[PDB]
>>> print(open('data-v9.csv').read())   # CSV, C-alpha atoms and all ligand atoms
chain,number,residue,atom,x,y,z
A,1,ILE,CA,66.3,93.7,47.8
A,2,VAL,CA,69.6,92.8,49.6
A,3,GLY,CA,71.2,89.5,48.8
A,4,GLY,CA,68.7,88.6,46.1
A,5,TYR,CA,68.8,87.6,42.4
A,6,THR,CA,67.8,89.1,39.1
A,7,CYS,CA,64.2,87.8,38.6
A,8,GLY,CA,64.2,87.7,34.9
A,9,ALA,CA,62.1,90.0,32.7
A,10,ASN,CA,58.4,89.8,33.3
A,11,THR,CA,58.6,86.6,35.4
A,12,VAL,CA,56.9,88.5,38.3
A,13,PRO,CA,54.0,89.8,36.1
A,14,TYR,CA,51.9,91.1,39.0
A,15,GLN,CA,54.8,93.4,40.2
A,16,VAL,CA,54.2,97.1,39.5
A,17,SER,CA,56.3,100.2,40.0
A,18,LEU,CA,54.7,103.3,41.4
A,19,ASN,CA,56.1,106.4,39.8
A,20,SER,CA,55.7,110.0,40.7
A,21,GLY,CA,58.4,111.2,38.3
A,22,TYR,CA,60.7,108.4,39.6
A,23,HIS,CA,60.2,104.9,41.1
A,24,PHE,CA,59.3,105.2,44.8
A,25,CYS,CA,57.5,102.1,45.7
A,26,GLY,CA,56.2,98.7,44.6
A,27,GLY,CA,52.8,97.3,44.3
A,28,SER,CA,50.9,94.2,43.2
A,29,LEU,CA,48.2,94.0,40.5
A,30,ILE,CA,45.2,92.1,41.9
A,31,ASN,CA,42.9,92.5,38.9
A,32,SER,CA,42.8,94.6,35.8
A,33,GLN,CA,41.9,97.8,37.6
A,34,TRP,CA,43.4,97.5,41.0
A,35,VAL,CA,46.7,97.5,42.8
A,36,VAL,CA,47.6,96.7,46.4
A,37,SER,CA,50.5,98.5,48.0
A,38,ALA,CA,51.5,99.9,51.4
A,39,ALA,CA,49.8,102.9,53.0
A,40,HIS,CA,53.1,104.4,53.9
A,41,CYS,CA,53.7,104.6,50.1
A,42,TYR,CA,50.8,107.1,49.7
A,43,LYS,CA,51.4,110.1,47.6
A,44,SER,CA,49.4,112.1,45.1
A,45,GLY,CA,49.9,111.9,41.4
A,46,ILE,CA,50.8,108.2,41.1
A,47,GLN,CA,51.4,106.6,37.8
A,48,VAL,CA,51.3,102.8,37.9
A,49,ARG,CA,53.9,101.1,35.7
A,50,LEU,CA,53.1,97.5,34.7
A,51,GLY,CA,55.1,95.1,32.7
A,52,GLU,CA,58.5,96.7,33.8
A,53,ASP,CA,61.9,95.0,34.0
A,54,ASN,CA,64.4,97.8,33.6
A,55,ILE,CA,62.6,100.8,35.2
A,56,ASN,CA,64.9,103.3,33.3
A,57,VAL,CA,64.5,101.8,29.8
A,58,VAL,CA,61.4,101.4,27.7
A,59,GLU,CA,61.8,97.7,26.6
A,60,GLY,CA,58.4,97.3,24.9
A,61,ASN,CA,56.1,95.4,27.4
A,62,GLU,CA,55.2,98.3,29.7
A,63,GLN,CA,51.8,99.7,30.4
A,64,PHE,CA,51.7,103.1,32.1
A,65,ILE,CA,48.4,103.9,33.6
A,66,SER,CA,47.6,106.8,36.0
A,67,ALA,CA,45.9,106.2,39.3
A,68,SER,CA,42.3,107.5,39.5
A,69,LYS,CA,42.0,107.0,43.2
A,70,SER,CA,44.0,105.9,46.2
A,71,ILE,CA,42.4,104.3,49.3
A,72,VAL,CA,44.5,104.0,52.5
A,73,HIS,CA,43.2,101.6,55.0
A,74,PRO,CA,40.7,103.3,57.3
A,75,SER,CA,42.7,102.3,60.4
A,76,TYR,CA,46.2,102.9,59.0
A,77,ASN,CA,48.4,104.3,61.8
A,78,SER,CA,51.5,105.9,60.3
A,79,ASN,CA,53.1,105.9,63.8
A,80,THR,CA,53.1,102.2,64.4
A,81,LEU,CA,52.6,101.1,60.8
A,82,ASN,CA,49.6,99.0,61.9
A,83,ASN,CA,47.3,98.3,58.9
A,84,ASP,CA,49.9,99.3,56.3
A,85,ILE,CA,47.9,98.7,53.2
A,86,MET,CA,46.4,100.8,50.4
A,87,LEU,CA,44.4,100.2,47.2
A,88,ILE,CA,45.1,102.1,44.0
A,89,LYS,CA,42.5,102.1,41.3
A,90,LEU,CA,43.7,102.6,37.7
A,91,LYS,CA,42.1,105.1,35.3
A,92,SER,CA,41.8,102.4,32.7
A,93,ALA,CA,41.9,98.5,32.9
A,94,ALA,CA,45.3,96.9,32.2
A,95,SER,CA,45.5,94.6,29.2
A,96,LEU,CA,46.2,91.2,30.9
A,97,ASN,CA,48.8,89.1,29.0
A,98,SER,CA,51.8,86.8,29.6
A,99,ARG,CA,53.8,89.7,31.1
A,100,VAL,CA,51.1,91.6,33.0
A,101,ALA,CA,49.0,89.4,35.2
A,102,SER,CA,47.1,89.6,38.5
A,103,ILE,CA,48.1,87.7,41.7
A,104,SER,CA,45.5,85.8,43.7
A,105,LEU,CA,44.5,87.0,47.1
A,106,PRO,CA,44.8,84.5,50.1
A,107,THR,CA,41.8,82.6,51.5
A,108,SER,CA,43.9,81.4,54.5
A,109,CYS,CA,46.9,82.9,56.1
A,110,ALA,CA,50.3,81.6,55.3
A,111,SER,CA,52.2,78.9,57.3
A,112,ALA,CA,55.3,79.9,59.3
A,113,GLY,CA,58.3,78.4,57.5
A,114,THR,CA,56.8,78.9,54.0
A,115,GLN,CA,59.3,80.0,51.4
A,116,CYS,CA,57.9,83.1,49.8
A,117,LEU,CA,59.0,85.3,46.9
A,118,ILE,CA,59.7,89.0,47.6
A,119,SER,CA,60.5,91.4,44.8
A,120,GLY,CA,61.3,95.0,44.0
A,121,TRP,CA,63.6,97.8,42.8
A,122,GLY,CA,64.8,98.8,46.2
A,123,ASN,CA,68.3,99.2,47.7
A,124,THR,CA,70.6,96.2,47.2
A,125,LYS,CA,73.1,97.2,49.9
A,126,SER,CA,73.0,96.5,53.6
A,127,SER,CA,75.5,99.3,54.2
A,128,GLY,CA,75.6,102.0,51.5
A,129,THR,CA,73.2,102.6,48.7
A,130,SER,CA,72.7,101.1,45.2
A,131,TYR,CA,69.4,101.0,43.4
A,132,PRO,CA,69.0,98.4,40.6
A,133,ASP,CA,67.5,99.1,37.2
A,134,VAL,CA,66.1,95.6,36.8
A,135,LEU,CA,63.7,93.7,39.0
A,136,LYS,CA,65.3,91.8,42.0
A,137,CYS,CA,63.9,88.8,43.8
A,138,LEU,CA,64.5,87.0,47.1
A,139,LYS,CA,63.2,83.8,48.5
A,140,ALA,CA,62.6,84.2,52.2
A,141,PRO,CA,60.8,82.2,54.9
A,142,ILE,CA,58.1,83.4,57.1
A,143,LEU,CA,59.4,83.6,60.7
A,144,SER,CA,57.6,82.5,63.8
A,145,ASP,CA,55.4,85.1,65.6
A,146,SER,CA,57.6,84.5,68.7
A,147,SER,CA,60.9,85.3,66.9
A,148,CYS,CA,59.2,88.3,65.3
A,149,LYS,CA,58.0,89.7,68.6
A,150,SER,CA,61.4,89.0,70.2
A,151,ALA,CA,63.1,91.0,67.4
A,152,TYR,CA,60.8,94.0,67.7
A,153,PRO,CA,59.5,94.1,71.3
A,154,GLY,CA,56.2,95.9,71.7
A,155,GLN,CA,55.9,96.8,68.0
A,156,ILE,CA,54.4,93.7,66.3
A,157,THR,CA,50.7,93.4,65.8
A,158,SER,CA,48.5,90.6,64.6
A,159,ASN,CA,48.4,92.4,61.3
A,160,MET,CA,52.2,91.9,60.7
A,161,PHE,CA,54.6,89.1,60.2
A,162,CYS,CA,58.3,88.8,59.9
A,163,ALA,CA,60.2,87.1,57.1
A,164,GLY,CA,63.8,86.7,56.2
A,165,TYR,CA,67.1,85.6,57.9
A,166,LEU,CA,68.1,86.4,61.4
A,167,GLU,CA,71.8,85.9,60.6
A,168,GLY,CA,71.5,88.9,58.3
A,169,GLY,CA,72.5,89.3,54.6
A,170,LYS,CA,69.1,88.8,52.9
A,171,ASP,CA,66.2,91.2,53.1
A,172,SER,CA,63.9,93.7,51.4
A,173,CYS,CA,64.8,97.3,51.8
A,174,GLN,CA,63.8,101.0,51.0
A,175,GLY,CA,62.3,101.2,47.5
A,176,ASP,CA,60.8,97.7,47.8
A,177,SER,CA,58.1,99.1,50.1
A,178,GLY,CA,54.6,98.3,49.0
A,179,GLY,CA,55.8,95.3,46.9
A,180,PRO,CA,54.6,91.7,47.1
A,181,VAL,CA,55.4,88.8,49.3
A,182,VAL,CA,53.9,85.8,47.4
A,183,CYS,CA,53.6,82.4,49.2
A,184,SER,CA,52.0,79.3,47.6
A,185,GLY,CA,50.6,81.4,44.7
A,186,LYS,CA,48.9,84.0,47.0
A,187,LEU,CA,49.7,87.6,47.9
A,188,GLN,CA,50.4,87.1,51.6
A,189,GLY,CA,52.5,90.1,52.5
A,190,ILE,CA,53.3,93.7,51.6
A,191,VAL,CA,56.8,95.1,52.2
A,192,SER,CA,56.2,97.4,55.2
A,193,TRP,CA,59.1,98.1,57.6
A,194,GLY,CA,62.2,96.9,59.3
A,195,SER,CA,65.2,98.2,61.3
A,196,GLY,CA,67.7,98.9,58.5
A,197,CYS,CA,68.1,96.2,55.9
A,198,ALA,CA,69.6,92.7,56.1
A,199,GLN,CA,70.9,93.3,59.6
A,200,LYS,CA,71.5,90.6,62.2
A,201,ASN,CA,68.4,89.9,64.4
A,202,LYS,CA,66.3,92.6,62.5
A,203,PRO,CA,64.2,90.8,59.9
A,204,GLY,CA,61.8,92.4,57.5
A,205,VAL,CA,58.2,93.1,58.7
A,206,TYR,CA,55.3,92.7,56.3
A,207,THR,CA,51.6,93.6,56.3
A,208,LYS,CA,49.6,90.4,56.8
A,209,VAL,CA,47.3,90.5,53.7
A,210,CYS,CA,45.1,87.6,54.8
A,211,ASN,CA,43.6,90.0,57.5
A,212,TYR,CA,42.4,92.4,54.8
A,213,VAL,CA,40.7,90.3,52.2
A,214,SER,CA,37.2,91.3,53.4
A,215,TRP,CA,38.1,95.0,53.2
A,216,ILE,CA,39.7,94.6,49.8
A,217,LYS,CA,36.7,92.8,48.4
A,218,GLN,CA,34.2,95.2,49.8
A,219,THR,CA,36.2,98.2,48.7
A,220,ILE,CA,36.6,97.0,45.1
A,221,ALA,CA,32.9,96.1,45.0
A,222,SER,CA,32.0,99.8,45.8
A,223,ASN,CA,34.6,101.8,43.8
A,301,CA,CA,61.0,99.6,31.3
>>> encode(input="data-v9.csv", output="structure tokens")
Amino acid sequence: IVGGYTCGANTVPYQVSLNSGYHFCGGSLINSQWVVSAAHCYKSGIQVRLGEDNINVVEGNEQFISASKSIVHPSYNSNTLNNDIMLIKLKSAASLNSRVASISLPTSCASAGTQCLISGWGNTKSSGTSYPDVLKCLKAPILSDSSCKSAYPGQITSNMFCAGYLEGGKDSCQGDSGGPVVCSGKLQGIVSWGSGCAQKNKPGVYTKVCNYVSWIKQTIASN
């Protein structure tokens, strides 16, 4: 997260870190056994880390649970990043508490202009590299479909939306990938892609979760 703020320990209790020997992507806990992340975050040997603030210090509220299964969207296209969504099932149920909690799925898609909360342990610089230890947050508005399509001509599908600030300075970034965009209490986006980070006229692009609630529910009902 570029241009963001320190969230405060455990104030984003649905935020997970995916670890394969190191933090490599975010995710969102949607019930005690399931995490939503980005398909482009697929790797084998994932450990889900719940209840994290400082990802490099054991602070006492963590739950580390291995993935039992990963399910990339059937229509995920890594070339275009269309359908950039994946489910991760945990080997054991998380213990839900004040610091580890699920986030609601959407029933309807989010309004343009809605201020949403994006979070993660990704790069905090727009030029150069600095990865934070503690969880960073950013409040960012959903942009109009027209301004999103203008920004990335030919590349935006109905399964994507843009959010952020056209003037630059505030954005999600590498390492935040797979993490949540929460609007009005619902998981409406997943951190997916963008041209650089926090650059003028190049806003963040997010998976539009409300297009996937039927697949999410059917998959969790069968696995
Ligand atoms: Ca920790």
>>> closest_residue(input="data-v9.csv", among="A:89, A:60, A:95, A:36", to="residue 222 in chain A", atoms="all atoms listed in the file")
A:89
>>> residues_around(input="data-v9.csv", residues="range 39-52 of chain A", least_positions_apart="5", cutoff="6 Å", atoms="all atoms listed in the file", output="number ranges by chain")
A: 16-20, 61-67, 72, 84-86, 99-100
>>> residues_near_ligand(input="data-v9.csv", ligand="ligand CA 301 (chain A)", cutoff="6 Å", atoms="all atoms listed in the file", output="PyMOL selection string")
chain A and resi 52-59
>>> atom_distance(input="data-v9.csv", atom1="CA of residue 173 in chain A", atom2="CA of residue 209 in chain A")
18.9 Å
>>> atom_distance(input="data-v9.csv", atom1="CA of residue 34 in chain A", atom2="CA of residue 91 in chain A")
9.6 Å
>>> closest_residue(input="data-v9.csv", among="A:93, A:25, A:87, A:183", to="residue 106 in chain A", atoms="only C-alpha atoms")
A:183
>>> atom_distance(input="data-v9.csv", atom1="CA of residue 139 in chain A", atom2="CA of residue 154 in chain A")
27.1 Å
>>> residues_around(input="data-v9.csv", residues="residue 191 in chain A", least_positions_apart="2", cutoff="7 Å", atoms="all atoms listed in the file", output="list in words")
residues 176, 177, 178, 179, 180, 189, 193, 205, 206 and 207 of chain A
>>> closest_residue(input="data-v9.csv", among="A:102, A:130, A:79, A:157", to="residue 14 in chain A", atoms="only C-alpha atoms")
A:102
>>> residues_around(input="data-v9.csv", residues="residue 145 in chain A", least_positions_apart="4", cutoff="8 Å", atoms="only C-alpha atoms", output="PyMOL selection string")
chain A and resi 149+161-162
>>> write_last_selection(input="data-v9.csv", atoms="C-alpha atoms", output="PDB file, in the frame of the given file")
ATOM      1  CA  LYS A 149      58.000  89.700  68.600  1.00  0.00           C
ATOM      2  CA  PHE A 161      54.600  89.100  60.200  1.00  0.00           C
ATOM      3  CA  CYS A 162      58.300  88.800  59.900  1.00  0.00           C
TER       4      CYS A 162
END
>>> closest_residue(input="data-v9.csv", among="A:131, A:212, A:22, A:152", to="residue 2 in chain A", atoms="all atoms listed in the file")
A:131
>>> closest_residue(input="data-v9.csv", among="A:3, A:132, A:113, A:120", to="residue 28 in chain A", atoms="all atoms listed in the file")
A:120
>>> closest_residue(input="data-v9.csv", among="A:142, A:5, A:26, A:219", to="residue 112 in chain A", atoms="only C-alpha atoms")
A:142
>>> residues_around(input="data-v9.csv", residues="residue 108 in chain A", least_positions_apart="5", cutoff="10 Å", atoms="only C-alpha atoms", output="number ranges by chain")
A: 186, 188, 209-211, 213
>>> residues_around(input="data-v9.csv", residues="residue 114 in chain A", least_positions_apart="3", cutoff="12 Å", atoms="all atoms listed in the file", output="PyMOL selection string")
chain A and resi 109-111+117+139-144+162-164+181-186+188
>>> write_last_selection(input="data-v9.csv", atoms="C-alpha atoms", output="PDB file, keeping the file's coordinate frame")
ATOM      1  CA  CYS A 109      46.900  82.900  56.100  1.00  0.00           C
ATOM      2  CA  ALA A 110      50.300  81.600  55.300  1.00  0.00           C
ATOM      3  CA  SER A 111      52.200  78.900  57.300  1.00  0.00           C
ATOM      4  CA  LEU A 117      59.000  85.300  46.900  1.00  0.00           C
ATOM      5  CA  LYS A 139      63.200  83.800  48.500  1.00  0.00           C
ATOM      6  CA  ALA A 140      62.600  84.200  52.200  1.00  0.00           C
ATOM      7  CA  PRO A 141      60.800  82.200  54.900  1.00  0.00           C
ATOM      8  CA  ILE A 142      58.100  83.400  57.100  1.00  0.00           C
ATOM      9  CA  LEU A 143      59.400  83.600  60.700  1.00  0.00           C
ATOM     10  CA  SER A 144      57.600  82.500  63.800  1.00  0.00           C
ATOM     11  CA  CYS A 162      58.300  88.800  59.900  1.00  0.00           C
ATOM     12  CA  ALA A 163      60.200  87.100  57.100  1.00  0.00           C
ATOM     13  CA  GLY A 164      63.800  86.700  56.200  1.00  0.00           C
ATOM     14  CA  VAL A 181      55.400  88.800  49.300  1.00  0.00           C
ATOM     15  CA  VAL A 182      53.900  85.800  47.400  1.00  0.00           C
ATOM     16  CA  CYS A 183      53.600  82.400  49.200  1.00  0.00           C
ATOM     17  CA  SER A 184      52.000  79.300  47.600  1.00  0.00           C
ATOM     18  CA  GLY A 185      50.600  81.400  44.700  1.00  0.00           C
ATOM     19  CA  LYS A 186      48.900  84.000  47.000  1.00  0.00           C
ATOM     20  CA  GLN A 188      50.400  87.100  51.600  1.00  0.00           C
TER      21      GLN A 188
END
>>> build_atoms(input="data-v9.csv", residues="range 42-67 of chain A", atoms="N, CA and C atoms", output="PDB file, in the coordinates of the input")
ATOM      1  N   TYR A  42      51.705 106.070  50.242  1.00  0.00           N
ATOM      2  CA  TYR A  42      50.800 107.100  49.700  1.00  0.00           C
ATOM      3  C   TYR A  42      51.539 108.305  49.205  1.00  0.00           C
ATOM      4  N   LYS A  43      51.165 108.694  47.990  1.00  0.00           N
ATOM      5  CA  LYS A  43      51.400 110.100  47.600  1.00  0.00           C
ATOM      6  C   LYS A  43      50.391 110.414  46.514  1.00  0.00           C
ATOM      7  N   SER A  44      50.262 111.707  46.224  1.00  0.00           N
ATOM      8  CA  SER A  44      49.400 112.100  45.100  1.00  0.00           C
ATOM      9  C   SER A  44      50.086 112.033  43.790  1.00  0.00           C
ATOM     10  N   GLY A  45      49.334 111.942  42.691  1.00  0.00           N
ATOM     11  CA  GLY A  45      49.900 111.900  41.400  1.00  0.00           C
ATOM     12  C   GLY A  45      50.702 110.635  41.033  1.00  0.00           C
ATOM     13  N   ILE A  46      50.143 109.487  41.394  1.00  0.00           N
ATOM     14  CA  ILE A  46      50.800 108.200  41.100  1.00  0.00           C
ATOM     15  C   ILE A  46      50.525 107.796  39.709  1.00  0.00           C
ATOM     16  N   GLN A  47      51.576 107.331  39.002  1.00  0.00           N
ATOM     17  CA  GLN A  47      51.400 106.600  37.800  1.00  0.00           C
ATOM     18  C   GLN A  47      51.823 105.131  38.053  1.00  0.00           C
ATOM     19  N   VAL A  48      50.959 104.186  37.732  1.00  0.00           N
ATOM     20  CA  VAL A  48      51.300 102.800  37.900  1.00  0.00           C
ATOM     21  C   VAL A  48      51.958 102.305  36.591  1.00  0.00           C
ATOM     22  N   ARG A  49      53.098 101.636  36.788  1.00  0.00           N
ATOM     23  CA  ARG A  49      53.900 101.100  35.700  1.00  0.00           C
ATOM     24  C   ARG A  49      53.914  99.553  35.778  1.00  0.00           C
ATOM     25  N   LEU A  50      53.233  98.938  34.801  1.00  0.00           N
ATOM     26  CA  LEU A  50      53.100  97.500  34.700  1.00  0.00           C
ATOM     27  C   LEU A  50      53.982  97.003  33.608  1.00  0.00           C
ATOM     28  N   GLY A  51      54.326  95.722  33.709  1.00  0.00           N
ATOM     29  CA  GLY A  51      55.100  95.100  32.700  1.00  0.00           C
ATOM     30  C   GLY A  51      56.585  95.582  32.634  1.00  0.00           C
ATOM     31  N   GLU A  52      57.113  96.148  33.723  1.00  0.00           N
ATOM     32  CA  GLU A  52      58.500  96.700  33.800  1.00  0.00           C
ATOM     33  C   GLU A  52      59.452  95.524  34.139  1.00  0.00           C
ATOM     34  N   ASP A  53      60.648  95.594  33.509  1.00  0.00           N
ATOM     35  CA  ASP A  53      61.900  95.000  34.000  1.00  0.00           C
ATOM     36  C   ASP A  53      62.810  96.114  34.410  1.00  0.00           C
ATOM     37  N   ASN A  54      63.481  96.715  33.411  1.00  0.00           N
ATOM     38  CA  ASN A  54      64.400  97.800  33.600  1.00  0.00           C
ATOM     39  C   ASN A  54      63.521  99.088  33.732  1.00  0.00           C
ATOM     40  N   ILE A  55      63.454  99.641  34.929  1.00  0.00           N
ATOM     41  CA  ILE A  55      62.600 100.800  35.200  1.00  0.00           C
ATOM     42  C   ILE A  55      63.110 102.090  34.473  1.00  0.00           C
ATOM     43  N   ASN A  56      64.342 102.093  33.938  1.00  0.00           N
ATOM     44  CA  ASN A  56      64.900 103.300  33.300  1.00  0.00           C
ATOM     45  C   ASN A  56      65.040 103.112  31.806  1.00  0.00           C
ATOM     46  N   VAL A  57      64.514 102.005  31.258  1.00  0.00           N
ATOM     47  CA  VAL A  57      64.500 101.800  29.800  1.00  0.00           C
ATOM     48  C   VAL A  57      63.162 101.302  29.384  1.00  0.00           C
ATOM     49  N   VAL A  58      62.678 101.842  28.262  1.00  0.00           N
ATOM     50  CA  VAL A  58      61.400 101.400  27.700  1.00  0.00           C
ATOM     51  C   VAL A  58      61.828 100.164  26.814  1.00  0.00           C
ATOM     52  N   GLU A  59      61.352  98.995  27.226  1.00  0.00           N
ATOM     53  CA  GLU A  59      61.800  97.700  26.600  1.00  0.00           C
ATOM     54  C   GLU A  59      60.655  97.126  25.756  1.00  0.00           C
ATOM     55  N   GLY A  60      59.421  97.593  25.904  1.00  0.00           N
ATOM     56  CA  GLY A  60      58.400  97.300  24.900  1.00  0.00           C
ATOM     57  C   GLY A  60      57.146  96.608  25.498  1.00  0.00           C
ATOM     58  N   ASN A  61      57.164  96.171  26.776  1.00  0.00           N
ATOM     59  CA  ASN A  61      56.100  95.400  27.400  1.00  0.00           C
ATOM     60  C   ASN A  61      55.398  96.208  28.476  1.00  0.00           C
ATOM     61  N   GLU A  62      55.768  97.486  28.603  1.00  0.00           N
ATOM     62  CA  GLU A  62      55.200  98.300  29.700  1.00  0.00           C
ATOM     63  C   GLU A  62      53.751  98.672  29.360  1.00  0.00           C
ATOM     64  N   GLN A  63      52.983  98.906  30.432  1.00  0.00           N
ATOM     65  CA  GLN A  63      51.800  99.700  30.400  1.00  0.00           C
ATOM     66  C   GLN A  63      51.881 100.729  31.514  1.00  0.00           C
ATOM     67  N   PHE A  64      51.738 102.013  31.131  1.00  0.00           N
ATOM     68  CA  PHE A  64      51.700 103.100  32.100  1.00  0.00           C
ATOM     69  C   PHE A  64      50.290 103.590  32.201  1.00  0.00           C
ATOM     70  N   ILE A  65      49.756 103.543  33.409  1.00  0.00           N
ATOM     71  CA  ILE A  65      48.400 103.900  33.600  1.00  0.00           C
ATOM     72  C   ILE A  65      48.325 104.801  34.874  1.00  0.00           C
ATOM     73  N   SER A  66      47.714 105.988  34.785  1.00  0.00           N
ATOM     74  CA  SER A  66      47.600 106.800  36.000  1.00  0.00           C
ATOM     75  C   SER A  66      46.638 106.215  36.974  1.00  0.00           C
ATOM     76  N   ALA A  67      46.859 106.511  38.262  1.00  0.00           N
ATOM     77  CA  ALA A  67      45.900 106.200  39.300  1.00  0.00           C
ATOM     78  C   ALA A  67      44.721 107.197  39.192  1.00  0.00           C
TER      79      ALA A  67
END
